[PDB]
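A.B. asks: Sending over a structure as structure tokens; questions will come in a sec.
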Amino acid sequence: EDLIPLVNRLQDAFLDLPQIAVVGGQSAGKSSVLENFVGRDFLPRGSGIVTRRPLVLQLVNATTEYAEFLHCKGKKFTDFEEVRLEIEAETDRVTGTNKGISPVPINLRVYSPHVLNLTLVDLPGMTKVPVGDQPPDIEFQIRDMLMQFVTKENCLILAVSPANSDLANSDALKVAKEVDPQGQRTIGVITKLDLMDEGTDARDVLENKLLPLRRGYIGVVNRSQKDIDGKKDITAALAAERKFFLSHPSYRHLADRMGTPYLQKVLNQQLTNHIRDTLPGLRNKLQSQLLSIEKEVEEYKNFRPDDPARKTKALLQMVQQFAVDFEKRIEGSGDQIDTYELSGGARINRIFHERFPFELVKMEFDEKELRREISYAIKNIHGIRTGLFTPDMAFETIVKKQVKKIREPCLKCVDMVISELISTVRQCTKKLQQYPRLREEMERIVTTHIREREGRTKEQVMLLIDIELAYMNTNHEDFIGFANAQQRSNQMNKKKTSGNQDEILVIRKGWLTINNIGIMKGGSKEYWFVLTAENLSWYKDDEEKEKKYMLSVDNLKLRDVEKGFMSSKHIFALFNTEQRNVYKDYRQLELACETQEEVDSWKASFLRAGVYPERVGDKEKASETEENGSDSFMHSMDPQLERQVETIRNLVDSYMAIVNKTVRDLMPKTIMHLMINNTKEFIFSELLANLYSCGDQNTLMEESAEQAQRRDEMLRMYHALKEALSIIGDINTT
Amino acid sequence: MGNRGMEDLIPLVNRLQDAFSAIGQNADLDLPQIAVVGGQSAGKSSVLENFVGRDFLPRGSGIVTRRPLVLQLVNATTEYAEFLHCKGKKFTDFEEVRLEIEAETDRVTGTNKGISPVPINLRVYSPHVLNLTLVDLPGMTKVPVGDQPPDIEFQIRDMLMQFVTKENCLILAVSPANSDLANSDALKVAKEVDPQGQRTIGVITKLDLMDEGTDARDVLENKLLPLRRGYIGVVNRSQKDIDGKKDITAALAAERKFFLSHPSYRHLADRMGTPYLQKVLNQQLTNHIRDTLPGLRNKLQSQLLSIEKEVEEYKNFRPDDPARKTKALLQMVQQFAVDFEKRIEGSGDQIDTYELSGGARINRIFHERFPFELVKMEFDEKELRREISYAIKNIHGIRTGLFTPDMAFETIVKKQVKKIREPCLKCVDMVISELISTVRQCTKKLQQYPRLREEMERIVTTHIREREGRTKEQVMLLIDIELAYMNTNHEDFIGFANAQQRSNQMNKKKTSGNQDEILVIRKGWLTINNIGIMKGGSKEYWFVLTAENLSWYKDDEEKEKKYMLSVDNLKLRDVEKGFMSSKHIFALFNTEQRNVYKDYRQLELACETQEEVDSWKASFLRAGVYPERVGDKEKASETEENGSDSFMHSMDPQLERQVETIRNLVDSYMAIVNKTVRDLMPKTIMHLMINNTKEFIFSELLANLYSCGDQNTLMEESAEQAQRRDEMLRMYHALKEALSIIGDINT
Ligand SMILES: Nc1nc2c(ncn2[C@@H]2O[C@H](COP(=O)(O)OP(=O)(O)CP(=O)(O)O)[C@@H](O)[C@H]2O)c(=O)[nH]1
Ligand SMILES: Nc1nc2c(ncn2[C@@H]2O[C@H](COP(=O)(O)OP(=O)(O)CP(=O)(O)O)[C@@H](O)[C@H]2O)c(=O)[nH]1
Ligand SMILES: [Mg+2]
Ligand SMILES: [Mg+2]
């Protein structure tokens with residue numbers, strides 16, 4: 001009984017035992033041998049054909065003893081007389097009540113406290129002549145059906161033969177020699193030793209002399225039919241058996257190797273000899289799984305709760321791993337980074353450092369109200385005093401109103417970073433700290449620290465944008481005033497006199513749509529014209545390398561398109577009266593404007609360049625009797641603010657550009673200095689000492705009852721593994 | 001000890017046996033042999049000796065019977081035992097038999113549990129036994145033990161099958177009661193060799209050693225495995241009883257008290273036990289006898305039915321009365337007479353098909369083989385012409401005659417027809433010689449009686465030899481008459497009928513004397529050289545030249561009738577230069593007229609050799625075709641059907657024409673006298689030699705056989721037929737006695 005505790009400890013910490021097959025002729029006593037090897041009386045036994053269907057018994061180990069089937073599901077038979085009745089009922093259900101057979105195995109599974117995980121196979125007897133309603137080929141049918149079970153390797157064969165008939169008539173011996181010629185896996189059993197004729201004995205058979213078998217024969221005595229009808233229990237049967245073997249004159253010296261107990265001993269011996277050569281791997285596996293627990297149960301081994309040393313050591317190392325994990329998840333130190341999400345709080349936070357600019361773009365880019373209000377500013381800072389020059393206090397007043405609305409996105413950003421940071425800590429305390437009252441208080445302290453620092457960061461952001469409403473410098477990379485638009489070719493490139501083709505063409509560049517285009521050029525397109533008070537060029541792209549032809553400015557005219565055309569999009573044509581120099585009028589050389597102010601702006605650019613106005617009476621003063629005091633002009637079309645409005649608007653857009661980029665670049669730094677790094681150094685150099693201050697500190701870091709039961713079950717598995725290794729050592733000692 | 005049923009069955013079966021044997025036929029009772037089968041240590045030999053009743057077979061634990069035993073019980077007066085390999089020694093104590101038989105068994109097979117298929121023959125002679133054969137056989141096993149070869153069960157099963165697979169073998173399927181019935185190997189064998197269960201007796205042994213709490217009632221009530229003959233349970237001596245040497249009376253007493261005291265077998269105690277088994281086997285033997293009797297009975301009926309046909313003539317027999325002798329005369333004479341009628345006259349029945357002869361065929365062939373040696377034997381030509389000439393110039397030898405004289409014809413035909421004397425006599429002798437052989441052939445089947453073949457043959461042969469002289473005289477006189485008168489008013493042609501001779505006997509008939517033509521005078525092959533399309537090509541045709549016309553044929557069937565070509569008013573020339581005529585070619589033409597006819601440039605006829613050319617030119621000159629003289633161009637008027645071939649060159653007396661006339665008349669008269677003799681001589685010998693012999697053989701023969709004596713010494717044995725008679729008589733009486741014995745047994 002060393003494999004018994006081996007197996008039960010394999011069950012407590014949670015073998016390929018060779019199955020057992022009993023073979024023999026009809027009425028040899030196979031089922032009695034089998035159930036005496038199990039230990040309990042539950043198999044059909046009687047005269048004539050009884051076991052007419054293969055039975056596959058799977059003994060396994062458990063804490064209580066009962067039986068179950070694979071067709072009577074759920075029901076756990078606890079009395080075995082019901083098991084026997086169920087067996088015979090199922091057998092009569094399939095095979096019928098006329099001595100038929102069937103190769104369809106019956107599957108049992110019997111649970112018992114001290115058994116092996118075997119597979120005992122009871123098989124029908126071997127018959128010669130078919131009786132009842134059996135088909136005429138019944139011998140081959142039964143023999144094939146049991147050869148389908150025996151010819152496998154690692155199948156022990158109990159060859160059961162009665163002692164009434166001679167040994168040379170046995171069928172089990174023929175089967176055993178046909179499938180096992182060497183006898184590596186054959187145990188010979190001789191039953192019915194009490195019915196032999198008066199004057200004979202099986203002495204020459206039990207001494208392994210008549211037919212030599214490698215492992216010899218075991219003589220057993222079961223219960224007779226009157227003993228089965230008389231309900232003779234197992235104890236009295238074994239007592240009578242031993243009485244017989246100690247009383248019989250021809251067997252009195254072989255009494256210590258005959259009987260049922262010796263048969264059970266020999267089968268245990270065979271099984272134990274078969275499981276060794278598996279002990280190396282079987283031991284190595286559970287040794288390897290014991291290494292994974294021995295590192296842990298050094299701490300569970302001895303307490304004795306309410307000890308200061310263990311609790312303080314736990315506080316220290318838990319705080320250590322929490323701090324390490326926090327700096328690891330924010331700054332992203334190695335190793336073993338997460339590759340399924342972005343991060344805990346690193347990338348999700350840097351995405352808000354560079355999605356905040358999308359919050360600055362959504363607002364506002366408005367409106368015509370801007371133009372109207374800067375006009376009112378120009379008028380009001382000229383309240384009673386009038387005229388030149390363009391005052392700059394209007395600029396300082398407008399840009400202090402357009403950046404004033406930047407307080408809203410900036411503050412928003414902080415809140416996002418807060419809702420995203422206060423979550424990262426919750427992500428690194430929901431899985432590390434299983435101690436109750438230690439994860440919640442840890443979260444409380446850290447989150448209060450973050451809530452305290454968000455106030456400082458908000459005050460700093462308020463101060464930051466309040467600074468940009470103080471000075472409003474103009475020495476930055478924006479252009480100096482009176483430089484609209486793109487003045488002046490980098491200070492005229494240090495040359496303006498001899499340069500006929502030295503960028504004297506560049507004064508006002510802009511897109512203008514041509515309606516009529518000839519066949520050789522292409523189709524309708526909006527070209528990039530470079531207008532000068534003296535010349536004009538046209539480009540198709542930005543490389544500034546077209547320079548095909550130079551279009552004039554002087555002595556040129558302008559007219560409108562015919563009625564009915566969709567001028568919105570106002571299109572104006574150029575012409576000449578004396579000469580045909582337009583040049584290359586496409587019937588007609590027309591240019592389109594997209595808005596309404598653009599038409600007047602380009603008309604004024606032409607009027608300052610030297611182009612005559614679009615008056616209806618100007619045609620009679622086409623190129624003869626010109627400049628008659630400019631009776632058509634009223635001095636002027638738009639005095640004198642539309643140009644001032646445009647100049648202030650350009651200056652404001654440039655200053656907004658640079659202030660947007662500076663807030664966009666500077667606020668991430670200012671929440672990284674006052675919130676992130678300060679939280680980090682707090683979580684490093686203050687979390688422990690501040691954590692030692694709150695609570696009664698006695699009932700801090702307790703169970704956590706799940707941890708308690710987790711500890712108990714790991715400790716019991718540790719003891720189970722040590723016991724199993726001790727048993728394997730004992731079983732290799734032999 | 002028994003047995004008693006056998007002592008009561010032996011007398012009637014012994015009487016039946018010696019009745020079936022003393023009747024001499026290959027008839028036997030063939031009592032079935034008893035073969036006992038089973039597995040090892042099923043209790044077989046005990047059952048066998050319980051059937052016999054004497055203790056002489058080995059038995060015990062383990063393997064005992066290792067060689068088959070063929071026990072032949074033989075009925076005799078002196079009881080003893082003998083072996084085949086111990087000839088000359090008689091055993092009286094059976095203990096000696098058992099000891100020496102186990103000595104033999106372990107002497108041949110060894111002492112290490114070996115077997116051998118060589119049986120041990122044993123004969124027990126006793127006044128209380130039948131002539132049975134009891135075959136004790138080893139029990140079959142499955143695994144070889146000791147020194148047995150690995151195929152022990154196969155060779156044991158062959159040892160059994162060479163004994164149980166023969167027909168009419170009782171099989172005692174012995175099975176123990178300890179084992180289940182479905183493990184009985186004896187029943188497997190019985191189902192393999194006897195599927196209907198006609199001859200299988202099921203026996204159950206070792207009933208007293210069954211497991212406590214069970215019983216074999218479901219088996220013995222013939223309920224578990226249904227067997228046609230049923231089961232019988234026996235209880236034998238145990239191993240301790242044999243070691244205790246228990247006698248038979250106590251064993252049977254224990255058997256009976258066991259079957260009576262058992263609570264499950266008390267109502268079967270009459271059909272259980274060893275005596276009941278003994279009774280059942282004896283009943284099986286008796287059933288076999290009474291079941292095989294009807295076949296032998298109707299077989300003896302069918303056999304005696306054949307002998308009765310001949311016994312009916314042999315019902316009364318009282319040697320040696322003249323009644324049987326006179327009946328034998330009438331039988332043999334009448335058989336011989338109808339046989340002689342069968343051989344010649346060709347009356348029924350059962351004419352000889354295998355032999356072409358026969359007397360009628362040989363004989364009436366020699367009637368039409370004789371006319372072959374009338375034409376063949378005698379012959380003369382080209383010399384009788386001279387004799388006719390001298391007769392013409394001698395019978396009117398003083399004065400010349402102005403007529404053709406007749407004595408010349410008479411003397412020539414008289415000199416020639418007397419040459420027929422020899423063939424007729426030879427034919428008569430040859431017919432005698434073959435008929436006298438037929439009469440000896442038709443008395444070889446008469447050899448059942450000696451000294452009667454000789455008398456029959458002597459009488460008949462002397463009769464033929466007494467008649468041969470008479471018929472030779474008659475034939476001589478018949479051919480002699482033909483020389484007397486020599487009439488010329490017969491159907492032959494009268495003188496001066498053919499002029500010119502002869503037109504081939506007037507076209508060989510009288511109907512075609514006008515329809516046919518005279519184109520046939522000289523037949524021969526002749527080659528035509530130039531031939532048109534319609535006639536054929538260069539070819540040699542068959543010309544038939546006539547003194548009047550010319551015919552040409554391409555075959556012999558004579559159905560063309562193409563054209564009749566002229567002879568008179570014709571010419572002849574030879575070919576132009578350059579040709580080698582050897583092989584000479586001749587052309588026919590005319591100068592006055594252009595009648596050729598149909599010249600194919602040109603009409604040429606070719607001949608092969610030199611005699612052919614000159615012979616056909618001679619035929620042209622004899623017919624009247626103009627010669628090839630130098631005046632060939634001037635043949636206009638000076639020729640007038642030339643040829644200079646009237647009778648002969650140049651002048652001889654008129655004896656040629658008269659000799660030709662005499663020759664024609666002589667040949668015609670010889671033809672008609674040959675018709676007369678060929679048709680009349682066979683009639684002569686059928687009337688004087690055969691029909692008279694037949695009348696003698698049907699009428700006067702019996703009186704001549706009966707006249708000579710003695711009547712007793714004339715007919716006798718020939719002891720072979722007498723022995724046949726006695727054998728038939730023994731068969732008759734023996735078969736009736738056998739029918740009587742069977743009739744006695746049936747009731
Ligand atoms: N007297 C006696 N009987 C025994 C002994 N051993 C077994 N038996 C009897 O033999 C009978 C058959 O036993 P069992 O094991 O059921 O045979 P089985 O092999 O199951 C028949 P199958 O399997 O072919 O259906 C039983 O009635 C049993 O009592 C014995 O030692 N002594
Ligand atoms: N108690 C008892 N023993 C029997 C009975 N029948 C046979 N035996 C015992 O069986 C033993 C051998 O029996 P036997 O008849 O010789 O079997 P066998 O077939 O001849 C052995 P072999 O194969 O050599 O022929 C003997 O000891 C005999 O006493 C029986 O009815 N009752
Ligand atoms: Mg069973
Ligand atoms: Mg024997």
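Order determines the names: the first chain of the structure tokens is A, the second B, and so forth; residues in each chain are numbered 1 upward, and ligands are numbered 1 upward as they are shown.
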Taking only C-alpha atoms into account and nothing else, which residues of chain A lie no more than 9 Å away from chain B? Please answer as a PyMOL selection string.
C.D. replies: chain A and resi 25-28+47-49+126-132+162+164-171+173-174+177+195-200+210-212+224-227+229
A.B. asks: I need the residues from that last selection saved to file as a compact mmCIF listing (two decimals), in the first residue's frame (with N, CA and C atoms), if you can.
C.D. replies:
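This went into selection-v7.txt:
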```txt
# COMPACT_ATOMS: atom_id res chain seq x y z
N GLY A 25 -13.18 -19.35 -19.81
CA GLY A 25 -14.34 -19.99 -20.38
C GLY A 25 -15.59 -19.64 -19.61
N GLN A 26 -16.71 -20.18 -20.08
CA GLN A 26 -17.97 -19.92 -19.42
C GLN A 26 -18.01 -20.62 -18.06
N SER A 27 -18.61 -19.94 -17.09
CA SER A 27 -18.79 -20.46 -15.74
C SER A 27 -17.46 -20.81 -15.08
N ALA A 28 -16.40 -20.10 -15.44
CA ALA A 28 -15.11 -20.33 -14.79
C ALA A 28 -15.01 -19.59 -13.47
N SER A 47 -25.27 -19.40 -12.02
CA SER A 47 -25.05 -20.56 -12.87
C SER A 47 -25.51 -20.27 -14.28
N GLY A 48 -24.90 -20.96 -15.24
CA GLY A 48 -25.22 -20.71 -16.62
C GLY A 48 -24.62 -19.38 -17.06
N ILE A 49 -25.08 -18.92 -18.23
CA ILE A 49 -24.53 -17.68 -18.77
C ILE A 49 -25.09 -16.50 -17.99
N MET A 126 -16.04 -17.78 -22.98
CA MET A 126 -15.79 -18.34 -24.31
C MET A 126 -16.60 -19.62 -24.46
N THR A 127 -17.44 -19.67 -25.48
CA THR A 127 -18.33 -20.80 -25.71
C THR A 127 -17.99 -21.47 -27.03
N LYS A 128 -18.30 -22.77 -27.12
CA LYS A 128 -18.10 -23.53 -28.34
C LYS A 128 -19.39 -23.63 -29.16
N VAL A 129 -20.45 -24.13 -28.55
CA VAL A 129 -21.72 -24.37 -29.23
C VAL A 129 -22.69 -23.26 -28.86
N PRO A 130 -23.40 -22.67 -29.82
CA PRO A 130 -24.35 -21.60 -29.48
C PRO A 130 -25.64 -22.18 -28.93
N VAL A 131 -26.05 -21.68 -27.76
CA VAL A 131 -27.29 -22.10 -27.12
C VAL A 131 -28.21 -20.90 -27.02
N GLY A 132 -29.49 -21.18 -26.81
CA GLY A 132 -30.47 -20.11 -26.78
C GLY A 132 -30.75 -19.62 -28.18
N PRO A 162 -11.02 -22.95 -14.21
CA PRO A 162 -11.50 -23.76 -13.10
C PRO A 162 -10.54 -24.92 -12.89
N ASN A 164 -11.87 -27.96 -11.84
CA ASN A 164 -12.60 -29.18 -12.15
C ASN A 164 -12.09 -29.77 -13.46
N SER A 165 -12.19 -29.00 -14.53
CA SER A 165 -11.64 -29.43 -15.80
C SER A 165 -10.12 -29.45 -15.72
N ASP A 166 -9.50 -30.13 -16.67
CA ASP A 166 -8.05 -30.17 -16.68
C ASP A 166 -7.48 -28.83 -17.14
N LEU A 167 -6.19 -28.64 -16.87
CA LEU A 167 -5.56 -27.39 -17.26
C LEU A 167 -5.38 -27.31 -18.76
N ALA A 168 -5.27 -28.45 -19.44
CA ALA A 168 -5.05 -28.47 -20.87
C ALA A 168 -6.31 -28.16 -21.67
N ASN A 169 -7.46 -28.02 -21.02
CA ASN A 169 -8.70 -27.66 -21.69
C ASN A 169 -9.01 -26.18 -21.58
N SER A 170 -8.17 -25.41 -20.90
CA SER A 170 -8.51 -24.03 -20.60
C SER A 170 -8.54 -23.19 -21.86
N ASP A 171 -9.45 -22.23 -21.88
CA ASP A 171 -9.54 -21.30 -23.00
C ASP A 171 -8.76 -20.03 -22.72
N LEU A 173 -5.98 -19.82 -21.09
CA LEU A 173 -4.57 -20.07 -21.36
C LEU A 173 -4.27 -20.01 -22.85
N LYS A 174 -5.18 -20.52 -23.68
CA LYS A 174 -4.96 -20.43 -25.12
C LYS A 174 -4.94 -18.98 -25.57
N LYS A 177 -1.63 -17.33 -24.35
CA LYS A 177 -0.46 -17.68 -25.14
C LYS A 177 -0.55 -17.15 -26.56
N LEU A 195 -14.01 -28.33 -5.52
CA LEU A 195 -14.95 -29.24 -6.17
C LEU A 195 -14.26 -30.38 -6.91
N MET A 196 -12.96 -30.57 -6.72
CA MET A 196 -12.28 -31.59 -7.49
C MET A 196 -12.67 -32.98 -7.01
N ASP A 197 -12.49 -33.96 -7.89
CA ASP A 197 -12.87 -35.32 -7.57
C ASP A 197 -12.06 -35.83 -6.39
N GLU A 198 -12.67 -36.71 -5.61
CA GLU A 198 -12.02 -37.23 -4.42
C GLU A 198 -10.79 -38.04 -4.81
N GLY A 199 -9.62 -37.60 -4.37
CA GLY A 199 -8.39 -38.30 -4.68
C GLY A 199 -7.46 -37.59 -5.62
N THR A 200 -7.82 -36.41 -6.12
CA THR A 200 -6.95 -35.64 -6.99
C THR A 200 -6.71 -34.27 -6.38
N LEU A 210 2.95 -28.25 -14.36
CA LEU A 210 2.24 -28.92 -15.44
C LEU A 210 2.35 -28.13 -16.74
N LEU A 211 1.97 -26.86 -16.70
CA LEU A 211 2.15 -25.95 -17.83
C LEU A 211 2.93 -24.74 -17.34
N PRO A 212 4.20 -24.60 -17.71
CA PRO A 212 5.04 -23.54 -17.12
C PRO A 212 4.57 -22.16 -17.55
N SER A 224 -19.78 -20.64 -3.35
CA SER A 224 -20.57 -21.52 -4.19
C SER A 224 -21.96 -20.93 -4.40
N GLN A 225 -22.77 -21.61 -5.21
CA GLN A 225 -24.10 -21.08 -5.52
C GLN A 225 -25.00 -21.07 -4.30
N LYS A 226 -24.90 -22.08 -3.45
CA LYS A 226 -25.67 -22.04 -2.21
C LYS A 226 -25.19 -20.91 -1.31
N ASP A 227 -23.91 -20.58 -1.37
CA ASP A 227 -23.39 -19.45 -0.61
C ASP A 227 -23.87 -18.12 -1.18
N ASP A 229 -27.00 -17.81 -2.82
CA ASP A 229 -28.40 -17.76 -2.43
C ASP A 229 -28.57 -17.66 -0.93
```
A.B. asks: Around ligand 3, which protein and nucleic acid residues have at least one atom no more than 12 Å from it, if we count only C-alpha atoms and all ligand atoms? List them as a VMD selection string.
C.D. replies: chain A and resid 22 to 35 42 to 55 87 to 88 91 121 to 126 160
A.B. asks: Any chance you could export the current selection's N, CA and C atoms as a CSV table (one decimal), in the first residue's frame?
C.D. replies:
```csv
chain,number,residue,atom,x,y,z
A,22,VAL,N,-10.0,-9.8,-17.4
A,22,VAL,CA,-10.1,-11.2,-16.9
A,22,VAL,C,-10.7,-12.0,-18.1
A,23,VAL,N,-10.1,-13.1,-18.4
A,23,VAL,CA,-10.5,-14.0,-19.5
A,23,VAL,C,-10.6,-15.4,-19.0
A,24,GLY,N,-11.5,-16.2,-19.7
A,24,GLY,CA,-11.7,-17.6,-19.4
A,24,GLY,C,-12.9,-18.1,-20.1
A,25,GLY,N,-13.2,-19.4,-19.8
A,25,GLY,CA,-14.3,-20.0,-20.4
A,25,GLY,C,-15.6,-19.6,-19.6
A,26,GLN,N,-16.7,-20.2,-20.1
A,26,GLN,CA,-18.0,-19.9,-19.4
A,26,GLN,C,-18.0,-20.6,-18.1
A,27,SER,N,-18.6,-19.9,-17.1
A,27,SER,CA,-18.8,-20.5,-15.7
A,27,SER,C,-17.5,-20.8,-15.1
A,28,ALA,N,-16.4,-20.1,-15.4
A,28,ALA,CA,-15.1,-20.3,-14.8
A,28,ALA,C,-15.0,-19.6,-13.5
A,29,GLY,N,-15.7,-18.5,-13.3
A,29,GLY,CA,-15.7,-17.7,-12.1
A,29,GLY,C,-14.9,-16.4,-12.3
A,30,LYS,N,-15.1,-15.8,-13.4
A,30,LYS,CA,-14.4,-14.5,-13.7
A,30,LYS,C,-14.9,-13.4,-12.9
A,31,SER,N,-16.2,-13.2,-12.8
A,31,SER,CA,-16.8,-12.1,-12.1
A,31,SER,C,-16.5,-12.2,-10.6
A,32,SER,N,-16.6,-13.4,-10.0
A,32,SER,CA,-16.2,-13.5,-8.6
A,32,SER,C,-14.8,-13.0,-8.3
A,33,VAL,N,-13.9,-13.5,-9.2
A,33,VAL,CA,-12.5,-13.0,-9.0
A,33,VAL,C,-12.4,-11.5,-9.1
A,34,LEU,N,-13.1,-11.0,-10.1
A,34,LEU,CA,-13.0,-9.5,-10.3
A,34,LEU,C,-13.5,-8.7,-9.1
A,35,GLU,N,-14.7,-9.1,-8.7
A,35,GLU,CA,-15.3,-8.2,-7.6
A,35,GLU,C,-14.7,-8.5,-6.3
A,42,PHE,N,-20.9,-6.6,-6.2
A,42,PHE,CA,-21.8,-5.9,-7.1
A,42,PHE,C,-21.9,-6.4,-8.5
A,43,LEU,N,-21.4,-7.6,-8.8
A,43,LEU,CA,-21.4,-8.0,-10.2
A,43,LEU,C,-22.4,-9.2,-10.4
A,44,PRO,N,-23.0,-9.3,-11.5
A,44,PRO,CA,-23.9,-10.5,-11.7
A,44,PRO,C,-23.2,-11.8,-11.7
A,45,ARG,N,-23.6,-12.7,-10.8
A,45,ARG,CA,-23.0,-14.0,-10.6
A,45,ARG,C,-24.1,-15.0,-10.5
A,46,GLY,N,-23.9,-16.1,-11.3
A,46,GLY,CA,-24.9,-17.2,-11.2
A,46,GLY,C,-24.5,-18.3,-12.1
A,47,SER,N,-25.3,-19.4,-12.0
A,47,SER,CA,-25.0,-20.6,-12.9
A,47,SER,C,-25.5,-20.3,-14.3
A,48,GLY,N,-24.9,-21.0,-15.2
A,48,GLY,CA,-25.2,-20.7,-16.6
A,48,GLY,C,-24.6,-19.4,-17.1
A,49,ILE,N,-25.1,-18.9,-18.2
A,49,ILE,CA,-24.5,-17.7,-18.8
A,49,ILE,C,-25.1,-16.5,-18.0
A,50,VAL,N,-24.2,-15.7,-17.5
A,50,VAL,CA,-24.6,-14.5,-16.6
A,50,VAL,C,-24.0,-13.2,-17.2
A,51,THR,N,-22.7,-13.2,-17.3
A,51,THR,CA,-22.0,-12.0,-17.8
A,51,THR,C,-22.0,-12.1,-19.4
A,52,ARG,N,-23.0,-11.5,-20.0
A,52,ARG,CA,-23.2,-11.6,-21.4
A,52,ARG,C,-22.9,-10.3,-22.1
A,53,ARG,N,-22.3,-9.3,-21.5
A,53,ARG,CA,-22.0,-8.1,-22.1
A,53,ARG,C,-20.7,-7.5,-21.5
A,54,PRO,N,-19.8,-6.9,-22.2
A,54,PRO,CA,-18.5,-6.5,-21.7
A,54,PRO,C,-18.8,-5.4,-20.7
A,55,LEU,N,-18.1,-5.4,-19.6
A,55,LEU,CA,-18.2,-4.4,-18.5
A,55,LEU,C,-16.8,-3.7,-18.3
A,87,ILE,N,-27.2,-3.3,-13.6
A,87,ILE,CA,-26.4,-3.9,-14.6
A,87,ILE,C,-27.2,-5.0,-15.3
A,88,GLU,N,-27.8,-5.9,-14.5
A,88,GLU,CA,-28.5,-7.0,-15.2
A,88,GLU,C,-29.7,-6.5,-16.0
A,91,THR,N,-28.4,-5.1,-19.2
A,91,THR,CA,-27.9,-6.2,-20.1
A,91,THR,C,-29.1,-6.9,-20.7
A,121,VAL,N,-11.7,-4.9,-16.6
A,121,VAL,CA,-12.6,-5.3,-17.7
A,121,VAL,C,-13.1,-6.7,-17.5
A,122,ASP,N,-14.4,-6.8,-17.3
A,122,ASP,CA,-15.1,-8.1,-17.2
A,122,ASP,C,-15.6,-8.5,-18.6
A,123,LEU,N,-15.3,-9.7,-19.0
A,123,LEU,CA,-15.7,-10.1,-20.4
A,123,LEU,C,-16.5,-11.4,-20.3
A,124,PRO,N,-17.4,-11.6,-21.3
A,124,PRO,CA,-18.2,-12.8,-21.3
A,124,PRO,C,-17.3,-14.0,-21.5
A,125,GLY,N,-17.9,-15.2,-21.2
A,125,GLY,CA,-17.1,-16.4,-21.3
A,125,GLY,C,-16.9,-16.8,-22.8
A,126,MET,N,-16.0,-17.8,-23.0
A,126,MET,CA,-15.8,-18.3,-24.3
A,126,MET,C,-16.6,-19.6,-24.5
A,160,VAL,N,-8.3,-17.0,-16.0
A,160,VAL,CA,-9.0,-17.7,-15.0
A,160,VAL,C,-9.4,-19.0,-15.5
```
A.B. asks: For residue 640 in chain A, list every protein, DNA or RNA residue within 12 Å, evaluated using only C-alpha atoms, and leave out those in the same chain fewer than 4 positions away; present the list as an MDAnalysis selection string.
C.D. replies: chainID A and resid 375 378:379 386:390 635:636 644:647
